[PDB]
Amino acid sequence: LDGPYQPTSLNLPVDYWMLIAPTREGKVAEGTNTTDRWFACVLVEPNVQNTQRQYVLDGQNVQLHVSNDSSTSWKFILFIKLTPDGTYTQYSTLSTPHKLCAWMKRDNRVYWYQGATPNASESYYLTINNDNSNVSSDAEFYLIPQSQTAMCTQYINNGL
């Protein structure tokens, strides 16, 4: 567990989980290959009835629909658009009272933990084909090597 790192932008090295620790509901982080994937994760607090919320994604205000029917778990939602003028679309969610999410660049992909703790797992990915894909995090984060995926899984499901 290398960190915390302060919010920043980076060419996230391949084969590291970026375990992100946001402070509260809102945008958490964005990333892109600049070609055909612009992705973002947002965090929704417990007890949110279906609604639109405004996020600044790719520099622009976007109204996205969110909900969280848990009274204890936060919900991370992973949104992806495929072109600059496209639509950010929900692909995956992670429900967790421990407030942590993680993604990793590996195998020409970005892997992402999804499901509901305490058996969330790294079962979603998108294809990026760009090992220099850039990530900008508004939150503190940690780096965990892929060799220690089992530990990242432990932290996702139980906190630090």
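The first residue of the shown sequence is 1; numbering continues from there.
Trainee: I need to verify one thing: averaged over C-alpha atoms only, is the B-factor higher for 47-55 or for 28-36?
Mentor: It is 47-55 that shows the higher mean C-alpha B-factor.
Trainee: Do the CA atoms of 63-71 or those of 127-135 have the higher mean B-factor in the entry?
Mentor: Between 63-71 and 127-135, it is 63-71.
Trainee: Based on the deposited C-alpha B factors for this chain, I'd like to know if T23 is in the lowest, middle or highest third.
Mentor: As the PDB entry reports it, the C-alpha B-factor of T23 lands in the middle third of its chain.
Trainee: Is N11 in the lowest, middle or highest third of its chain when residues are ranked by C-alpha B-factor?
Mentor: Ranked within chain, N11 CA B lands in the lowest tercile.
Trainee: Can you tell me which third, lowest, middle or highest, the CA B-factor of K105 falls into for its chain?
Mentor: According to the entry, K105 has a C-alpha B-factor in the chain's lowest third.
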